[PDB]
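How does the following fold in three dimensions:
(chains A and B, ligands or ions: 1)
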Amino acid sequence: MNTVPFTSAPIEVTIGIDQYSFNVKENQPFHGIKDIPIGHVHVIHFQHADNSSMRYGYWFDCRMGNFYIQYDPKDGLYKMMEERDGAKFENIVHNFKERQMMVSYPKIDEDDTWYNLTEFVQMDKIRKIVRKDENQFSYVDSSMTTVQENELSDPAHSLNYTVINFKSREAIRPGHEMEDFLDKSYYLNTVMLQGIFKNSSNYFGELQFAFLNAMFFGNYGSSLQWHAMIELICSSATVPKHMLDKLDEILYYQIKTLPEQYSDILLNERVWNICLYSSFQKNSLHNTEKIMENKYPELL
Amino acid sequence: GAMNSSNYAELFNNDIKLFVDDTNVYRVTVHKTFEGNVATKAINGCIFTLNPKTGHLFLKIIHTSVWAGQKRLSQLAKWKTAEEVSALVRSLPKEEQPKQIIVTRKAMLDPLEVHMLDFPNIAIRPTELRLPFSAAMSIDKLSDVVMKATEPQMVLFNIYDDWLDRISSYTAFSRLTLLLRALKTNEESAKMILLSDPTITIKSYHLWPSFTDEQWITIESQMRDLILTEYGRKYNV
Ligand SMILES: COC(=O)CN(C)S(=O)(=O)c1ccccc1
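Residues are numbered from 1 along each chain as shown, chains lettered A, B, ... in the order given. I have put the structure below:
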């Protein structure tokens, strides 16, 4: 179990750690988060009390270094940093734990939610979507645009998700126009899986990362990417059986975790109704269709 | 974007454009089978592709053999239309290719867009106008060449005959739409109006009779009357 210490908390802020969150008062004696499960990526995220504009946060993996948070009064945000001095860091954490100034990652033993949301998500792939190669952790916020959003404006601060566009030469083989547009299997299996992602694990990893940035930061381009990646599978007549079964599990836990009051902005009526009731895979997403119908029957 | 009453004069500017109407591509007769079920029999169809500025009708005849062994024909027909329009554009010299293609039915947008991905600078547009191009099969010479075709075939017609020698393309299009609207509302009456007078003939190389300017005004008046008439007969007004 690992630790992300905080130098201090000088501004009132709601702090998220994965699907958990807690309120820290201005100059409250808070010095970080302990007992963070090793083996998963994590996200630590922030919403200032005085300006809910810009949710922002950091994706990190404690196996990759010692990370801490420090407020910057010039740029006005909590910044993640790496501490290269191992002995210094260990000494800092031990002191903060002894004085019990850290919240405990509050994982219930039965609970596999975070694993199930991050099963295929790897830090190395996050870092290719979020390019800032001098850090081992990745900053994301509510306003960051995607490469695709920028083609339709600062490239350094973009989310480089894989561009999916169903009316594009990449998606449509010359002479197979009707076939490829009505059955996206070529685009899913040859172009994207064999060609770009290499395997379904990397595809699911990007899909899960896009969902999490949508949910935790209200990042609109991430929500677009999440839905595009679902729609590309559901609109393919030919999908490996193991991918469909895994997709059903992935989406089940995403829908389960989604705040009820955010469904209106985080869920695209057209995509979900098409995927569950019209698409080739309308009958292949049993768990996802059952939770959607019992939790968001209005959308459908 | 969408073509409507506000931007109607854009049809007659000097940017090459084509209307594409797919209504008559997939045509069937519905009949009873010996067993008392219902079946369809396809008959020949046509894509109606029209330059409104010049009167250039590229009439691609769709022979029933194109449907043999195919499923979901009403859907295929839109993609076949789009394939044939795309093939037509690629066949034209660059300086003759359209800058815009306006589809008369919104269901043609995605099939045509996908077939024209190679032409990103050609705008594919819908329209809010209710254009009467389905009635093209009420023009005798066009119906004749469609029904006689034994194979796929493209036939060329000026749908304005020689009218542009005497009138603008705005006025020619308005005349055309009035004639076709009439033929669509009451084909028998419309055709009676057009041919009742045996001294006015259709030239061998024309579609419509050789009316003088004065006779076109009479004719056009009679077509309006017919459209208003049928509008009462229909609604009891
Ligand atoms: C494709 O074009 C047409 O339908 C109309 N024309 C090129 S035309 O000049 O009127 C003409 C040319 C050849 C035959 C009949 C008419």
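
Check the burial of residue B:186 by counting its neighbours.
Residues near residue B:186, counting by other CB atoms under 10 Å in any protein chain shown, number 18. C-betas here are computed from N, CA, C, even on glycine.

how about the residues of chain B near the ligand?
Counting by CB under 6 Å from any ligand atom, chain B comes close to the ligand at B:56, B:57, B:58, B:156, B:157, B:158.

My error: substitute the stretch 1-150 of chain A in the last question.
Near the ligand, when you scan the stretch 1-150 of chain A using CB under 6 Å from any ligand atom, you find nothing.

Work out for me the element the residue of the stretch 101-250 of chain A found nearest chain B sits within.
Across the stretch 101-250 of chain A, the shortest distance to chain B (CB to the nearest CB) belongs to residue A:178, at 3.9 Å. Using DSSP states H and E, residue A:178 sits in helix A:177-182.

got a list of what the residue of chain A found nearest the ligand touches?
Residue nearest to the ligand within chain A: residue A:177 (24.2 Å; CB to the nearest ligand atom). By CB atoms under 8 Å, 6 or more residues apart in numbering or on different chains, the residues touching residue A:177 are B:79, B:82, B:83, B:111, B:114, B:115.

Help me confirm that the third one is found in a helix?
Right, residue B:83. Yes - per DSSP: H, G, I helix; E, B strand; the rest coil, residue B:83 lies within a helix segment.

The closest residue in space to it that isn't next to it in sequence: neighbouring residues, count only.
Leaving aside its sequence neighbours, residue B:83 sits nearest to residue B:115 (CB to CB, 6 or more residues apart in numbering or on different chains; 5.8 Å). For residue B:115, the count of nearby residues is 24 (other CB under 10 Å).

can you check residue A:9 too?
Residue A:9: 20 neighbours (other CB under 10 Å).

For my notes, confirm it occurs in a helix.
No - according to three-state DSSP, residue A:9 belongs to no helix; its state is coil.

what's the closest residue to it other than its chain neighbours in contact with, if anything?
Once flanking residues are discounted, residue A:9 sits nearest to residue A:30: 4.3 Å by CB to CB, 6+ apart. Applying CB under 8 Å, 6+ apart to residue A:30 gives the contacts A:6, A:8, A:9, A:24, A:101, A:102, A:103.

show me the contacts for the fifth one.
With contacts taken as CB under 8 Å, 6+ apart, residue A:101 has the following neighbours: A:29, A:30, A:31, A:32.

and what of the third one?
The neighbours of residue A:9, taking CB under 8 Å, 6+ apart as the test, are A:24, A:25, A:26, A:27, A:28, A:29, A:30, A:71.

Which members of those are positioned in strands?
Here DSSP state E is the test, and these give A:24, A:71 as lying in strands.

Narrow the contacts of residue A:9 to just the buried residues.
Using 16 or more other CB atoms under 10 Å in any protein chain shown as the burial test, the contacts of residue A:9 include A:24, A:30, A:71 as buried.

Residues in a beta bridge with the last one, which ones?
Taking DSSP bridges, one obtains residue A:78 as the residues bridged to residue A:71.

Tell me which residues are up against stretch A:151-159.
So stretch A:151-159 is in contact with A:129-132, A:140, A:144-147, A:150, A:163, A:213, A:219, A:221-222, A:225, going by CB under 8 Å, 6+ apart.

try stretch A:32-40
By CB under 8 Å, 6+ apart, the residues outside stretch A:32-40 that reach it are A:1-6, A:15, A:17, A:42, A:44, A:61-63, A:68-69, A:93, A:96-97, A:101-105, A:107, A:114-115, A:118.

Much appreciated, bye for now.
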